[PDB]
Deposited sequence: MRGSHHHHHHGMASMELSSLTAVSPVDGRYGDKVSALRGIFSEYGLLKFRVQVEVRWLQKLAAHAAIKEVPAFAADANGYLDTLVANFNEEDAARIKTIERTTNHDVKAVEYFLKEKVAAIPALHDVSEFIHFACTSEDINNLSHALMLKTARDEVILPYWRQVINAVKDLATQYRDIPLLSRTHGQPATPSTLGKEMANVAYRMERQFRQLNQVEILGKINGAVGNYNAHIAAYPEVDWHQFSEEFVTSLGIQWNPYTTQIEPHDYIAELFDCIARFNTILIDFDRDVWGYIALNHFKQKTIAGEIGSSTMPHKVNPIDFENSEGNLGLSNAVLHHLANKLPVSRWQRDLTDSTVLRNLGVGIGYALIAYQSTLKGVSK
């Protein structure tokens, strides 16, 4: 009834509470708060048109603060207003929102992609490029003698997998994560080219910018990212079914193919959730589970990485 890695319900928090740990900074109740205040703060650095203290000095303590300092206010939304206003101990009192809220989502997605998914995919690709250039010459399949279909080398056929994985690498990554902006207030600022303060802003967050107009943050480049991870994830399950399978056959002489079964296990689950979330039409419940389907691929990766080493 407590709540730890032992008594957790989902494995991403439980069995694999850690090393999947990195998602805690991004998709937990904390994560998305940590992300939303940053941005809505990095903008108030707006005041420079006239430092980064709390965007960095922020933890579960001020996420708990914003949590306790909600559930009292008579407006439901804009609880974040009073917190940032609390840590004001000046005439900074401008709390515009909304497009900023998208930038949040973009940034968390952006960070997931660049600082976890990709670094994982790269370990996985590399370990496949080794296990191939090591199994060069090791023949496969066909049908002994008296039948062919197709004869190759387990190594060359593992090279293709690394190559397929390489394409979904490039495919992730070229998924465009966009953003843009555009009160009776901001006319305290008569000296700025607001398109520009905006382009400068968005960009400063490492988001790609702006127009064609500014209206549609269709806001499902999530679909695009997730159909891609799941494309990669499927490539990996294919890889999983090769090792476990080859070591099914190398059990005709005299290693535990566990890990390749697990990796398969979790990948089917990533994909399940990932796809689900990707085809669902503020998406706060979709938003609150962006990290789950991702949490599942990390397990699969740490598990494939684990097999191999063997």
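Sequence order list of spans that the model leaves without C-alpha positions, deposited numbering: Deposited residues absent from the model fall in 1-14, 65-80, 120-129, 223-228, 301-315, 343-351.
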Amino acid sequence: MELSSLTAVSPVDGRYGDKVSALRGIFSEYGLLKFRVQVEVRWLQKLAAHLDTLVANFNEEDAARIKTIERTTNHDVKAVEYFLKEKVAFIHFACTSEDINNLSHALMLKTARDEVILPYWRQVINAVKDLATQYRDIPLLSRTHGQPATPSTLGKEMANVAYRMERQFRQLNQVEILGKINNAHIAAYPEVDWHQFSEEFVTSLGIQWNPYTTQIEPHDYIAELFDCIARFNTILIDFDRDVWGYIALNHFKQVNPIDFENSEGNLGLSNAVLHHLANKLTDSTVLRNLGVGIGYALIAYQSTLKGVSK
From here on, numbers count along this sequence of modelled residues.
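Stretch with the greater mean C-alpha B-factor as recorded in the entry, comparing 10-18 against 289-297: Stretch with the higher mean C-alpha B-factor: 10-18.
Higher-B stretch (mean Cα B-factor, as the entry records it), 125-133 or 230-238: The deposited B-factors put 125-133 ahead on the C-alpha mean.
Criterion, highest CA B-factor; candidates, 192, 118, 223, 107: Highest C-alpha B-factor among the listed residues goes to 192.
Given 112, 161, 103, 138, the residue at which the Cα B factor reaches its maximum: Answer for 112, 161, 103, 138: 138, with the highest C-alpha B-factor.
B-factor third for the C-alpha atom of residue 157 within its chain: Tercile = middle for this residue's CA B-factor.
Residue 251 CA temperature factor, ranked by third within the chain: Within its chain, residue 251 is a highest-third residue by C-alpha B-factor, going by the deposited values.
Residue 284 - Cα temperature factor, lowest/middle/highest third of chain: For residue 284, the deposited C-alpha B-factor lands in the middle third.
Position of residue 188 among the chain's modelled residues by C-alpha B-factor, lowest, middle or highest third: Its C-alpha B-factor belongs to the highest third of this chain's values.
Within-chain third of residue 82 by Cα B-factor, per the entry: Highest third - that is where residue 82 ends up once the chain's C-alpha B-factors are sorted.
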